[PDB]
Each structure stands twice: as C-alpha cells, then as structure tokens.
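The structure tokens that follow cover one protein chain in two forms, given apart as structure 1 and structure 2.
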Structure 1
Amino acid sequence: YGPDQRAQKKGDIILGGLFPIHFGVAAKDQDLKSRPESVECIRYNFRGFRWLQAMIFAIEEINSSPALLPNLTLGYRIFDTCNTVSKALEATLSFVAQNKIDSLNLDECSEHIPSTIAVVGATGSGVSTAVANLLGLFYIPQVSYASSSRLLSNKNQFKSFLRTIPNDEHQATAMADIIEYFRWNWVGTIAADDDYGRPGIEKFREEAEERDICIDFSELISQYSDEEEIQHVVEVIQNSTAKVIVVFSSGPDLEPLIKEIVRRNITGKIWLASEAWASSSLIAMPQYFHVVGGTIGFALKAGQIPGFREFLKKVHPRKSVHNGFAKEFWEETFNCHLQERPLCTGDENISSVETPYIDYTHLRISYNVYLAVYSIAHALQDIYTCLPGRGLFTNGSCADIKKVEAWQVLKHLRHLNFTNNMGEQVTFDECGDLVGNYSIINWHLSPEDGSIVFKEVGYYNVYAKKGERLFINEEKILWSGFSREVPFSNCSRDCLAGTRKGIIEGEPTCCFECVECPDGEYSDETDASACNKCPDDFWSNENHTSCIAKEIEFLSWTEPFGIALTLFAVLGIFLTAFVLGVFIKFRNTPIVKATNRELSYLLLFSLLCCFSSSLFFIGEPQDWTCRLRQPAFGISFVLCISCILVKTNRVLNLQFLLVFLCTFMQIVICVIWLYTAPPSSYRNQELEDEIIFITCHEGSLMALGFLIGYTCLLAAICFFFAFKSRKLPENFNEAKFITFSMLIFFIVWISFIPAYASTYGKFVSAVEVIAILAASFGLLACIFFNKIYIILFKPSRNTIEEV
C-alpha cells in the first residue's frame, strides 16, 4: 500500500505523517525511451528523521499516558516525501485509499485498508499545498509543522489545513524591521521559486517599499537551476553595490548558488536568512564561512520535549520493527551496509558519530511536530469527553469515539484550545494558523570545533505593537563573521549640511548626488532634498549651512569716523559760542560799534545753527532725521550768507527785515518741498548682496537741486559785491574775508562732487558732512578770527576810527 520504505504501526486511530527523510530525488533525466521507474532519493536528512522520530515519540507518549485517550491506541503511517511533490502525493493517495474508494463507488476490503483520521503535514510549502489539495476533498485535517506560506491561510481552498508554525507575513515584516533598524536602504533579494520563497519575497517587497528601502536586485533560484541561471544570479550579485541580501529560501534551493558564490569567492555580503535556511546544515558548512559567515537569520521558539533525546538515542535497525527508515539511517550514519561498503555489526553507538540527528541545541520544528500530534490527540480527547447535549454538532449531538470520522476531528480541531507542556495555550485562529515569536541568530565560527554556531542576538515579539516588535543586541553580532562595525549598505553617501540631494536619472530615490546650495540659500540638516532660502535681511554663511544677518551699514555716532565728525562739529559749536561770548563781553568797543553789532550777532547765531545742523547728517537715518537734514543746513547757511551780505551792505530795522525777507524764500522752498515730496528713509539692500545700505532718498531730486541752485544764487550775488570791494579796505580790510568766504565755499563744494558722486553707501554722508563743516569753518574763520584778534589780542591797537 504505497511506498515500500515506511514507518507504520497499528492502532484504533491512525494518523498519517509526511517527513523529508531525503533532501531530494535523483537527477536522472527521463527521456521516456523505457517505461518510467520510481526515481530514487539521494541525500539523507538526519534532521528530517529526527522530525519523524518526534512524531513517533509523541504518539507513543500519548499511548503510554492514560489521562488523554483512555482505552484507545493511536497508530500511524509515516512516509518519506524526499522534499518532492510526487512522493508525498503517492503517500497521500495511500492515505485517502478508503475515503476515495467509498466516494468513487469503486467497491461495487473493509477490515484492512486503514482509514487515516489526520495527517501531520509536509515540510515544504509547495508539498503541503499539493497534499492539502487532495486532503481537503475528504475533510481530513492536516496539521503542518514547517509550511509557513501565507497561501495556506486561504481557507476557501485549504478547508482542512492547520499549522503549528507562524506564517511568513510576520517574518517578512521582521526582516524589513531589521533592515530599517540598521539604517540600510540598498538591498538585494533572493528567493526560491516555490510557494514559500515567492510570497515571502512579495511581502518583504511591500514592507520595504513602505519603509523607503530600495531593492537593487531580485532574483529567483531553485535546486534545479542549471549553470546559466546560477551564473546569471552570481553576476547580478557581483555587479550590485548592495551588501545586504535578503534570502527567502530553504537549504536545498540555496545550495547551488552558495556553492557557485564560494567557487567564485564573493565576499563582504551580509545575508538576511529566512527561517528555512538560517539553521540549515547544507549551507552552514565551514568551508563556506568566508562567504556566508555572519549571517543574520530567524529561528522559531525552541520547545522542551522531556524524554525525546533518549528516544532518539534508542533507535536501532534490529529493534525498530515499526520504523522502516532505521536501516537506511544506520547505513548513512555509520557508512556501512546492513545484511538481513563494510558490514554493520549492529552494536554501534550513535553518540560516536556527528550528525544533525542528535547533535542539536534546540528543538524548533521537532517541537512543532510534537505540537501537531498533540493537537490531533487533544481534539480526539475533546470528542471523547463530549457530554451529550453540549456537543459541537447538530442539536448539540456528540460524536462517538468508536466510529469517529475525519470531518468531526477537523471540526474539533477548529474549536481546539489546550495547554502544551510548556504552559502556553495552543489555539488555531480563523485561518488555522498558530502565531509565535521569532528568535534572531547570527552565524559565527567555533574556535574549538571550527563548525558554525548560531548565536542569538535578539528576538521579534509578534505580540507587541507595530514598531516595538524587534529587539537586537548589536554588540553580539559579528558582521561577516569577523567584523564588529555595522556595514554600509546605502546606495549613496549622505549629503552633509550646505548640500542637497540631486537626482541620478534612471536610478531609485535612494541613489542621489550631492549638489552644493546656491549662495543665496542654505541647508542645515543632513540629506536635505532642497536648500531653504535665507529669509528677510539674512544671508547664507560661506558654507551654506546657516543664515547670517545682512549687516546694516551707516554712519554711527559711536563709529570712529562718526566720533571724529561729532567731536569736530562740537568743537566748532564751542568755538562760535566762545566768539559770541567775547563779542557780547566786549560789545562796548568802537571797532565793534564800527561794524554792525546787532547784525553780527544774527550772523554768528546762524553760524552756530549751521554748526549744529551739521550734526544732523551723522547718526541713525530716520525719517525725521533726514526730513530736516538738507533743508536745516540750507536755511542756516542762507541765513549766514544773508547776514554776511547785509553786514557788507554799506552801499545801502532795514537790515534785519531784509535778511528775514531773504531767508523767507528759502524757508518757503523748504516747506513746499517738505509738504510735496518729503525725503524718505531708503533701505537699500540691492547694492551689495550681503550688506544692507541704509540711506535717505531726497524724494524729488528737482526740489533739492532747486534749493541748492538758489543757495548758489544768494552766494554769487554776495560774491559780485565782495569782488568790487577788494579795492576799498574801509572796515579793517574785510574784503579779503568776504571774498575768501565765498571762495572757500565754492572751492570746498566744487572739490567734493568727485568724492560725493563716487560713493552711495556711508561715505556719501561723511564726505558731505565734512564739506558742510569745512565751509562753515572757513566762513567763521574769515569773518571773525581777525576781528576777534583785533578786539582782544590787540587792546592797545584798538583804534577808534577805521578807514
């Protein structure tokens, strides 16, 4: 009844089992020249035999214990799948022989042909899919220990499939979390071309696309990939700059690629291993460690089966009548031949040979096999202890254990809730899945043995909230097996401050160019997509990483030039005040009485007014400061000129009013300009990019020009009268002064436009304040220095009458 090599025992209820005892089938090409024969299997699987023994041990433990299924013995019929759909399908056809016989009406034997109540499912997800398609026809519940494909959660197609292993959605999310944790964004993916690698790679692709992770390459491999595809994938890996490779595959499918990569000696790659090969003895070979060393993988939660190791050590080909795979196990363990290659004596010790069979540190899928067997057993017990009237069937009817059927066991397995030997609650959700934690391991080299050790470096809590599932202790991770520094696996290096991201055409967003910011903008953060513009009166620092205020530039009172000009003007005001004091003190003197005593007082008052008005130009330019800047000096200077002309007006109450009339025109022009186009406070920043120049535009230039021309007119009118008086030195020869006053005014303000009409910053104010001070000082000196010297420094020479 099916394959010759089997492990079967009799009992009241028979449970089927499918384990990979070989890694695959012989690669003999069927040319169909002769009728095809059964294809042999090649490489023994000690781990798979351990899984089979876990199933057998669980069933024997159940039978020994009288508290679970009293007066009912459990049987089994376990076959070898060789990781192939064909072998497992032959075994499954053996399993459903009675169900198919009765459904197909082909009986038109009963004691023989035992009926399988439940099947402990396959390892591979494709194998489990193929088996479940046939098993769901008859509603035989199938509990898998290792198939973690999310495609088996579809209960519309797989009506009777449950599993004691978490499906791969959480594992793909966990790999995405691992990549996000180490700040990687340039990765490549490799997956097996089966129902396991493809959905997991797809889920990882979705998760990583969410987290702004860029996948450089994505290739598919298989156990039967020929030289061309393996070479192509090797070249794809070699060309890629991504160091982190995410692999969703098993051992047998990844073996050819790893062998080729070792042959071509590709090093420096970081491998993110799925659970199927993270603990695989096919790839964790020491000779491959220079390639696959430092692999970060996933491992399920380890379980505790108390008397399991003794059961494993007790296997013997002669004393294992029920287990048929024991003979081949002995032959492959001790490298001999059994007769019912040397001849095995049958007295060897399995502890003297190193194999995965007993040289294990954690039971992960073995505990899953145990849990699946115990789940079926507990469902059967729930059937047995059903109190009538409270059943799960129609009208609360309870099934009979003496005539139980597969669909009733399946119904009870859906509503199953029991506690395992580790105290945890074992329950299948609406999709038949069994959620569980993940462990995180790293591949190291054992210094004492030279083999590969799996060092736990973290875990993955599936019961935590999003973003709190992953914990990694990076201090325990040896990158590439030797290093202690986190590798760089970004497409491009980060852009520093003052630099932005530039697009590389035809490449993902993770690959960019660093472009310096323009001089008008800045960028402070690392890896910024744009340079923020410097706002308001700010400018960019020489490295465009900060904003620096645009310097406001002006003639300050505290500035050295401003200090000098203010002190010089104050000294002039003090000097004219002193001259006034001497004049009033010595008012009773014929020399002063000879000149216009009262009018000279108005002249010197206007002189002091001009000296003070010179201080208007220096300082902070406000609207009021430069509103009365030009016209204050205008009126003061025209008043001084009018006073000088009237004092010299010897050719003529009639003098003070004449001066008032002369200054009335100037005051009228000034007030007309003020009411029409008042000067404003310019804020000129568009002269130097980094400097703000605060000036004061005169509003309408025509009014200022007209005022200046008018002042020149009242200067030239006095100049003509002064010129003719050079031959008449009557009042102590004042012709040499009045001519000199107009001359120095004209010279100072004619020798100053090249200095004036050259600057438009702050020197345009200092130069013109210097011009005002110089003209006023010249006027003061010429008019009053000689007169005050004659009055004071010449007391004896104080002649009563002049010429």
Structure 2
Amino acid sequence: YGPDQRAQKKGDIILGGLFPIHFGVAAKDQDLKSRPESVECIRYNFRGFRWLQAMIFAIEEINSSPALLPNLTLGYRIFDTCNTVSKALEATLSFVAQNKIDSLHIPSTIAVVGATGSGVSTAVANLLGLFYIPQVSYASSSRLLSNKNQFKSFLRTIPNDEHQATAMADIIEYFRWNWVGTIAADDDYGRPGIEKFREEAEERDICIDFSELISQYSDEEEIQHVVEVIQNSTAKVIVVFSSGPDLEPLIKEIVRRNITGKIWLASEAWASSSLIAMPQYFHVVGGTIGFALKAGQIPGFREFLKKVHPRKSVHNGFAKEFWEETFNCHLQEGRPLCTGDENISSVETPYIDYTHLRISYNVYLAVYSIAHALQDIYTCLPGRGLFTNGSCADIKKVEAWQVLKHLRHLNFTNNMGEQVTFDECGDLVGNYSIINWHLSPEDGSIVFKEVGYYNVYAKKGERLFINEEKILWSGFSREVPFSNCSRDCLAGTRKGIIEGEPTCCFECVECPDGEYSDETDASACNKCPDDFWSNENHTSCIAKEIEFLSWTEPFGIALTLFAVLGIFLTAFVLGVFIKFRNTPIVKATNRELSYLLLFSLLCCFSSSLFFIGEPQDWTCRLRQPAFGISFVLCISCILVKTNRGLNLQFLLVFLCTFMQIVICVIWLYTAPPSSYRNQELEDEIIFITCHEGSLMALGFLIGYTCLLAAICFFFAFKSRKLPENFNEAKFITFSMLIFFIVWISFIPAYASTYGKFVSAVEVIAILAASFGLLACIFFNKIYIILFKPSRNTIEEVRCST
C-alpha cells in the first residue's frame, strides 16, 4: 500500500496530498553490512500540520456546501514527505498504483496537491506526467517547472522567482550600493534564482565579490571555508536564496563566531522562518529586509484549528504525534502520561501563533481550483464541450486527463472577489510585500513590519516603493550603511585603475597643470580653451593674464613725466632764443637751424611717447620710423653747422631726411609691421607685442643713422681745438659719444629680455640720447645769455669771433 502514517477518508472522488510534517531525515550513512531499513524523520513541523489542516478544512467546506457539487463527496489520501525525495516517491507510487495495472485495491487518484520543495516537486512531476494526472503546488516557485515539454501536467498557485530576483536588484540599485556578495542553496530553488539575480545585477553596474553554495548536509570544513570567505570581504550587503533548514548551520557558526554589521537580503522562503528568526540570533540577523506573499482570509479556520483531538480525529493519523509533541507527554493506547483534556491555547507554537495566512491560502485556493474544474465538468451542456465535436465528459466516469483539460481552461472568482486564471505555463502572478525584522519591547521576539511593496503590474522602473523612515538598520540604527568598494573621488581628482580588480574599485589621481575637473568621479581630466589656464585646486580654470607696458602705472607715469619735462625744457630754450634773437651770440649761430633743431628734439620726445601703451596695428607701423626721421633731422642740423649758401644749409637736412623717408615707405608698403599675441613664452600668461615683419629694413634704418653719426664724429674730431663759438666742436663730439655709448650699452637687454621691459629700455635710451644732445648743444650758450652775463659777453666776445 504505502506509508502507515497518513490521513485518509473515503468518497466518490479522491484527492492526493503531500506535506512536510518533519524537517528532515536522520543522518545515517549506512555501511550496507545488513539489509537496509527505512529511514526516520526528526523534527516536527507545526506549520506543515497547519497547511494539512487547511486542505482538510477546504475539502470539508466543499462537501458541506450544496451549491458546488450536489450529491457527490470528496475523499483524500495525504502523506508526509519530510522534505526528502525518497519519501515522496514512495507515496507517489501508491497514487499511480491502480493506473499501472493496465499499463504494466486502491481507488484511483484524480489530482494531487503538490509539494513544497522544487526538487521534490520535479521528482514527483516526472512520474505524475506519465499518467497525465494533474498536480497543483502551493509553494514550488522554481523557473525550471515552467517548461511544458518535460512537465505536462504541472500547475501552481504561487509566482515564480524571476520577478523577485529583479526586485532584489531594484532594491540594491535604489539604495545605491555596488559591492555585494551572494549565497545560494545547492538545489533547484537557489541556483536558478541566484543566476537570474547575477544576470540582472550585471546590467545595473553592480560588482559581486563572492558567491558560495550551502546545504543542509554540509560539513564543518565547508562551513568554516564559507565563513572565512565571508570574513575576508569588505562587502556589507549579502543576498541569500535559501530556506531555513538549508541556512541554519551557517547562521549557527556565524553566531558562535560573533560576526556583526552585515546587511541581509532575504528571499521569501526564509524571510519568515522560525528556525532563523530566534531572539538569541538578533545581534547577527537583526534588521533583515525580505519578501512576503499576499495574505488572504479564511473565516472559520481558526475555530476549526482549535478543535483537533488525538481521539476524535479518526481520519487524521498525525494528530497523535502532534499532541505528544505539543504537550511533551506519551499516549497510552488501550515523559509523563497524556490525559487528553489539555488545552491547546496553553502552549505557544507556530500552530495557532500566526498573524497572516499566506501559504495556507494557497492550499485553500488549489483545492477550490480542483473543485471548480470538477463543477465545470458537471455543468456541461451537450454540443458545447471542450472535447471533439463539442462533446461533454461523464461525471460518473471522469478521468484525470479530462480534469487536466478543464484545469487548463479554468476561470473563476474566489471568496475575496478576485479572478483566478492559469496562463499557458500554468502560472499565477501576484504582488510582493517587503518586511523588516524588528525587536519587540513587550516580549523580546522578532516582529515583521511592512516597509514597502513590489507592484508586478506596473511599467518597468515603477515597480518598487519603499518607506525608508520605518527601517531600522541592524535593528537599532537610523543611518543607511555604506557598501561601496572605494570612496568617490572629489572635484579636481580623477579615477585610476587597479590591476586585477573589478571596475568598482579604483584610485583617486590628481589632474595635471593644464586640465581640471568639475564634478565627482571623472574618468578623465578636461582641457579648457586656449585663453584660459587651470585653477590651483583644478576645480575650474581661470582666464589668462595680459601683460604690456600700460598707463596708470608707477613706471609709465614716471616715463611720461620725464618726456613732458624734456618737451617743456626744449620749449623754454626755444622761447629764450625767440626773445634774444636780435642779440649777438644768437646770431653767430645760424638763427633758423636752431629752431629746426628744437623742432626735431620736440619730435623726439613725442616719438618716445609712442612706445608706452597697449600695442595696436597703427602704432607698430609708426613707432620706430618716428624716432629715425627726427634723429636723422637732428644729426643733419648739427652736421651742417660743423667745421669744414643759406639755401644750401637747408638742402642737406632735407636730402638726408628724404632718403630716410624713402626707405621707410618702401618697407611699410611691402612688409608692414603688425601686432602679434604671444603665447609660446609661458603657458600661464600672454604678451601683446609688435612684429616687425622685416629685420632688413630695421637694420638699414639703424645703419643709416649710425653712418651719419659717424661722419659727424670724424669731421668734428678733426677740428676740436678751435675756440670758436665757445668750443662748439668739443661739445658736438661729446654729444655724439653719448649716442654711441648708450645704444651699445643697451644691446644686451634687447638680446635677452622678452616681456614688458623691452619697451622700457627703448624709452630710456631715447630720452637719454635726446637729453645728452640737447644739453650739450644748448645749455652753455643759454646760461651766459641770461642769468649772470647780462651784458658781460652778450656782445663783444661773440662780435669779435
């Protein structure tokens, strides 16, 4: 037949069931020295007993209601799996026992309410699909069961895990973490979920540090290896796809070693597990964020639950062990002795200490789905069926494949006003709820508080809602933890690569002296336009600096004062000779060449005033010829009076000025000078300077000036001794000598300096030469004429010679 411990009742139509009443089997590596025996189950499961009671309650309600299946009863045959494949397959062999008589007594089974674990469900479905017996599961959520090529008669009332993996990725992206590790159970439930999560997290630019597998039957060395892998890591957020039985040993080891500060993200299987939500583990598993399914209502279920008895439950064979485990007594069929009149409310167990019904509602829904398919078969009308020619099935000889067909074409409304339909893959979609683990002040137990939800019917990117103010991190903290591999670079600083490490870990390197950085996390430094240079902090770049000899400057003001003083002195000398024209010393110097020379000296100082200021196109063209013309005129006026025909004395000056003017015009027409902004000298600053355009013409001008100064020198030199005109040759020689020594002296500075000081030396040299010429030629004569010798030599000495 099958297992001796069961819950069964007779009826017209029989339903099968598989529930975990125990958490596992005994650890016994049999050595095969004798014939093997049956294995034993260990730890009782009050939640599984409640789920079984939910199935029985639904069946009894259906049998009581006259509106769903009149004059037809339902039976059941329910077994225990102990979360093990081997035990489940023994019970499945009894389900198909009658059907195998024809293919290769127990009444035939129509449908089976599925298992809990995905591996157990796959093992059961492989065998149930041979005979086309429908199977409806309440807890299996693996994506591997959606393949209808291998599983032909599998349905479920629970959604699959792809949406939940995407939800975890969305949560991690919401809190702005990029450095996590993963842990998964080594079975059909954890591995596909963790693979989907990895695929989703890779496209959101999240780096995963470690990934490990665990099991209920792992050994101490494996546990310690996983613990060391966890301990050596800097990541704080850990994502776990597992259940309580598969997770308990690792949690126990971590608690013993006292590892704190971790952030756990829990899947639906262990997010509400009483094996892990223990008060003494809170310093490790406090403040967990996990997922929960949607709750439903079953009105009289609790009153039904409070009625179980070891003696009155004849059809329930698990009630005896339930009573013994609940009250820690022994039942003497005719540790203290059970008396049988105890109170269930006295002992606190997960049997009735619950707030929401989630998987129990799924069991209820699966039973009602099977009942509604049978009712749809019952109420068929001839000619309008789902079979060939519109024929209807026979309710007195209904078969499992016909029940499966009507299950595939099913649509009904539940007790809450919602529609229930199965898709082409036999899946049912639903929302998710997000919970946080708190600590109770009144009792000291774990309290699950809602903090958000995940809406599956919304557009991508608007599925997650979280109320952050209700979250206590690690159970007590109000601050969002930091889970990034490295700190973000700041303004002025740039990212660097570390060899052998993922893209999420980098080094902050400073930007160079020509580039800057505005925001955080720059992968390169930006070069800014050519008229700007980078700031010291390198946050931005400031404008460059323009440098030229300018007015409103202490140096330029002094130069201007010197120039105007020279102009005024020349004007005063001219006025002196104007006043004293008739008198004799003024006449023994050609009267009008003196005026021309003073005019040329005024032209000289004004020429110096050209160089001060910001260079422009129209000044670089005139500044240099202006000094040349005037100084050649000065030299000519001096040379015509030299010791060696009135209109002839006005011919030489015009001729020399004529050659000078002619050279400048040729040069300017063919290659005029122009302004030239200079940036190559320094990166930081810019110079505004004139560009000559032709050095040949400048050399020719300087050569002509030097040649004229030379001929004067040689001729003034040959006749210095003469005492005429107060030793005029002696002073002319001095004036020429001042010229040559000054210009030769300034050559080096022209050769070396490059900035705003090259313009200053030119003004200094011009003023020096002009003053040296004017003073030497004029001041001795102007002295006697006024001041003391009012008449001492004002006539006779001049008159005599």
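Please note that residue numbering is based on structure 1, beginning with 1 at the start of its sequence. For the two forms, the rigid core is made up of the largest set of C-alpha atoms that agree within 1.5 Å on superposition.
- The chain divides into two rigid parts for the movement between structures 1 and 2; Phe488 belongs to the part that does not contain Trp539.
- When the larger rigid part is held fixed by C-alpha fitting, the smaller one turns through 14 degrees between structures 1 and 2.
- In the core-superposed comparison between structures 1 and 2, the CA atom of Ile573 travels 9.1 Å.
- Core-superposed comparison between structures 1 and 2: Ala172 shows a Cα shift of 0.6 Å.
- Taking the core as the reference frame, the CA atom of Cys670 shifts 3.5 angstrom between structures 1 and 2.
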